[PDB]
2 protein chains.
Amino acid sequence: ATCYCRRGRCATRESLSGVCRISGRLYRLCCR
Amino acid sequence: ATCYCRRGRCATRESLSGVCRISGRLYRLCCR
């Protein structure tokens with residue numbers, strides 16, 4: 001898989017698969 | 001599965017399942 005750490009909702013083909021924390025801040029983990 | 005984006009190796013109890021990407025950074029995607 002390749003996932004993207006996003007602050008906005010996941011892309012249309014992505015699934016929310018968890019969270020990332022980067023510089024203290026949570027991001028959506030969006031995977032395909 | 002519970003997945004984490006890691007700067008180092010995946011935990012012994014996790015599997016390398018891909019990468020996590022944001023602008024400027026790459027991480028291992030590590031899943032259980």
# chains A, B, ... in the order shown; residues from 1 in each chain; ligands from 1
>>> calpha_fit_and_write(fixed="chain A", moving="chain B", output="PDB file with C-alpha atoms, in the first residue's frame")
ATOM      1  CA  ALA B   1      -0.558  -0.068  -0.573  1.00  0.00           C
ATOM      2  CA  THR B   2       0.102   3.564  -1.331  1.00  0.00           C
ATOM      3  CA  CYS B   3      -0.694   5.618   1.725  1.00  0.00           C
ATOM      4  CA  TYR B   4      -0.841   9.348   2.285  1.00  0.00           C
ATOM      5  CA  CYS B   5      -1.210  11.475   5.348  1.00  0.00           C
ATOM      6  CA  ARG B   6      -3.986  13.955   4.693  1.00  0.00           C
ATOM      7  CA  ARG B   7      -5.254  17.115   6.325  1.00  0.00           C
ATOM      8  CA  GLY B   8      -8.729  16.644   4.836  1.00  0.00           C
ATOM      9  CA  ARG B   9     -10.832  13.663   3.981  1.00  0.00           C
ATOM     10  CA  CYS B  10      -9.417  10.634   2.267  1.00  0.00           C
ATOM     11  CA  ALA B  11      -9.967  10.626  -1.470  1.00  0.00           C
ATOM     12  CA  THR B  12     -13.047   8.733  -2.652  1.00  0.00           C
ATOM     13  CA  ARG B  13     -10.618   6.132  -4.059  1.00  0.00           C
ATOM     14  CA  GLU B  14      -8.837   5.738  -0.711  1.00  0.00           C
ATOM     15  CA  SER B  15      -9.801   4.115   2.574  1.00  0.00           C
ATOM     16  CA  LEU B  16      -9.349   5.638   6.003  1.00  0.00           C
ATOM     17  CA  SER B  17      -6.817   3.304   7.543  1.00  0.00           C
ATOM     18  CA  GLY B  18      -5.830   5.142  10.718  1.00  0.00           C
ATOM     19  CA  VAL B  19      -3.927   8.275  11.678  1.00  0.00           C
ATOM     20  CA  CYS B  20      -0.507   9.793  11.112  1.00  0.00           C
ATOM     21  CA  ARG B  21       1.201  11.489  14.059  1.00  0.00           C
ATOM     22  CA  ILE B  22       4.097  13.847  14.578  1.00  0.00           C
ATOM     23  CA  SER B  23       4.707  16.175  17.440  1.00  0.00           C
ATOM     24  CA  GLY B  24       2.023  18.875  17.254  1.00  0.00           C
ATOM     25  CA  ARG B  25      -0.021  17.422  14.356  1.00  0.00           C
ATOM     26  CA  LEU B  26      -2.465  14.630  13.512  1.00  0.00           C
ATOM     27  CA  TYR B  27      -3.569  13.579   9.974  1.00  0.00           C
ATOM     28  CA  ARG B  28      -5.749  10.917   8.441  1.00  0.00           C
ATOM     29  CA  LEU B  29      -3.933   7.942   7.055  1.00  0.00           C
ATOM     30  CA  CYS B  30      -5.471   7.278   3.626  1.00  0.00           C
ATOM     31  CA  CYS B  31      -4.567   4.144   1.643  1.00  0.00           C
ATOM     32  CA  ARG B  32      -5.119   2.460  -1.729  1.00  0.00           C
TER      33      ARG B  32
END
>>> select_by_dssp(residues="chain B", states="strand (DSSP E or B)", output="PyMOL selection string")
chain B and resi 3-6+15-22+25-31
>>> write_last_selection(atoms="N, CA, C and O atoms", output="PDB file, in the first residue's frame")
ATOM      1  N   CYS B   3      -2.531   0.324  11.798  1.00  0.00           N
ATOM      2  CA  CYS B   3      -1.338   0.714  11.070  1.00  0.00           C
ATOM      3  C   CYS B   3      -0.794   1.993  11.623  1.00  0.00           C
ATOM      4  O   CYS B   3      -1.547   2.931  11.956  1.00  0.00           O
ATOM      5  N   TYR B   4       0.533   2.100  11.558  1.00  0.00           N
ATOM      6  CA  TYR B   4       1.267   3.272  12.028  1.00  0.00           C
ATOM      7  C   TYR B   4       2.239   3.704  10.984  1.00  0.00           C
ATOM      8  O   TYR B   4       2.808   2.875  10.244  1.00  0.00           O
ATOM      9  N   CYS B   5       2.465   5.009  10.879  1.00  0.00           N
ATOM     10  CA  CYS B   5       3.540   5.493  10.042  1.00  0.00           C
ATOM     11  C   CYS B   5       4.781   5.756  10.874  1.00  0.00           C
ATOM     12  O   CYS B   5       4.755   6.562  11.788  1.00  0.00           O
ATOM     13  N   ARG B   6       5.857   5.034  10.569  1.00  0.00           N
ATOM     14  CA  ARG B   6       7.042   5.053  11.397  1.00  0.00           C
ATOM     15  C   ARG B   6       8.275   5.621  10.708  1.00  0.00           C
ATOM     16  O   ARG B   6       8.519   5.445   9.531  1.00  0.00           O
ATOM     17  N   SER B  15       4.205  -5.710  10.291  1.00  0.00           N
ATOM     18  CA  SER B  15       4.631  -6.052   8.943  1.00  0.00           C
ATOM     19  C   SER B  15       4.761  -4.771   8.170  1.00  0.00           C
ATOM     20  O   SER B  15       3.900  -3.924   8.266  1.00  0.00           O
ATOM     21  N   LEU B  16       5.822  -4.655   7.391  1.00  0.00           N
ATOM     22  CA  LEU B  16       5.988  -3.555   6.451  1.00  0.00           C
ATOM     23  C   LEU B  16       4.978  -3.704   5.365  1.00  0.00           C
ATOM     24  O   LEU B  16       4.989  -4.695   4.619  1.00  0.00           O
ATOM     25  N   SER B  17       4.103  -2.732   5.246  1.00  0.00           N
ATOM     26  CA  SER B  17       2.947  -2.873   4.326  1.00  0.00           C
ATOM     27  C   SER B  17       2.944  -1.796   3.234  1.00  0.00           C
ATOM     28  O   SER B  17       2.016  -1.751   2.370  1.00  0.00           O
ATOM     29  N   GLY B  18       3.939  -0.938   3.247  1.00  0.00           N
ATOM     30  CA  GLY B  18       4.055   0.100   2.236  1.00  0.00           C
ATOM     31  C   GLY B  18       4.707   1.332   2.810  1.00  0.00           C
ATOM     32  O   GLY B  18       5.550   1.227   3.693  1.00  0.00           O
ATOM     33  N   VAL B  19       4.316   2.491   2.311  1.00  0.00           N
ATOM     34  CA  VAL B  19       4.843   3.768   2.761  1.00  0.00           C
ATOM     35  C   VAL B  19       3.708   4.716   3.100  1.00  0.00           C
ATOM     36  O   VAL B  19       2.602   4.564   2.610  1.00  0.00           O
ATOM     37  N   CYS B  20       4.050   5.710   3.937  1.00  0.00           N
ATOM     38  CA  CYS B  20       3.157   6.852   4.164  1.00  0.00           C
ATOM     39  C   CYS B  20       3.842   8.097   3.624  1.00  0.00           C
ATOM     40  O   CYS B  20       5.008   8.330   3.911  1.00  0.00           O
ATOM     41  N   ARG B  21       3.080   8.962   2.964  1.00  0.00           N
ATOM     42  CA  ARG B  21       3.592  10.133   2.286  1.00  0.00           C
ATOM     43  C   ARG B  21       2.849  11.388   2.701  1.00  0.00           C
ATOM     44  O   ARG B  21       1.655  11.374   2.849  1.00  0.00           O
ATOM     45  N   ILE B  22       3.601  12.440   2.997  1.00  0.00           N
ATOM     46  CA  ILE B  22       3.059  13.798   2.988  1.00  0.00           C
ATOM     47  C   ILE B  22       4.063  14.630   2.267  1.00  0.00           C
ATOM     48  O   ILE B  22       5.203  14.216   2.078  1.00  0.00           O
ATOM     49  N   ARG B  25       8.023  14.427   3.372  1.00  0.00           N
ATOM     50  CA  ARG B  25       8.343  13.338   4.271  1.00  0.00           C
ATOM     51  C   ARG B  25       7.904  11.983   3.637  1.00  0.00           C
ATOM     52  O   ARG B  25       6.948  11.893   2.892  1.00  0.00           O
ATOM     53  N   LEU B  26       8.605  10.941   4.014  1.00  0.00           N
ATOM     54  CA  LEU B  26       8.197   9.573   3.731  1.00  0.00           C
ATOM     55  C   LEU B  26       8.408   8.773   5.030  1.00  0.00           C
ATOM     56  O   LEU B  26       9.418   8.965   5.738  1.00  0.00           O
ATOM     57  N   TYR B  27       7.516   7.816   5.276  1.00  0.00           N
ATOM     58  CA  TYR B  27       7.602   6.915   6.455  1.00  0.00           C
ATOM     59  C   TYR B  27       7.283   5.544   6.029  1.00  0.00           C
ATOM     60  O   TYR B  27       6.631   5.331   4.986  1.00  0.00           O
ATOM     61  N   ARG B  28       7.724   4.559   6.804  1.00  0.00           N
ATOM     62  CA  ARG B  28       7.198   3.175   6.618  1.00  0.00           C
ATOM     63  C   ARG B  28       5.801   3.058   7.109  1.00  0.00           C
ATOM     64  O   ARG B  28       5.421   3.616   8.143  1.00  0.00           O
ATOM     65  N   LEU B  29       4.998   2.298   6.398  1.00  0.00           N
ATOM     66  CA  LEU B  29       3.665   1.940   6.853  1.00  0.00           C
ATOM     67  C   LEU B  29       3.773   0.599   7.498  1.00  0.00           C
ATOM     68  O   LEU B  29       4.168  -0.330   6.815  1.00  0.00           O
ATOM     69  N   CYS B  30       3.397   0.475   8.772  1.00  0.00           N
ATOM     70  CA  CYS B  30       3.661  -0.714   9.597  1.00  0.00           C
ATOM     71  C   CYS B  30       2.346  -1.170  10.182  1.00  0.00           C
ATOM     72  O   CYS B  30       1.703  -0.391  10.894  1.00  0.00           O
ATOM     73  N   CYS B  31       1.939  -2.424   9.919  1.00  0.00           N
ATOM     74  CA  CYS B  31       0.575  -2.869  10.239  1.00  0.00           C
ATOM     75  C   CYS B  31       0.584  -4.183  10.980  1.00  0.00           C
ATOM     76  O   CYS B  31       1.442  -5.023  10.756  1.00  0.00           O
TER      77      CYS B  31
END
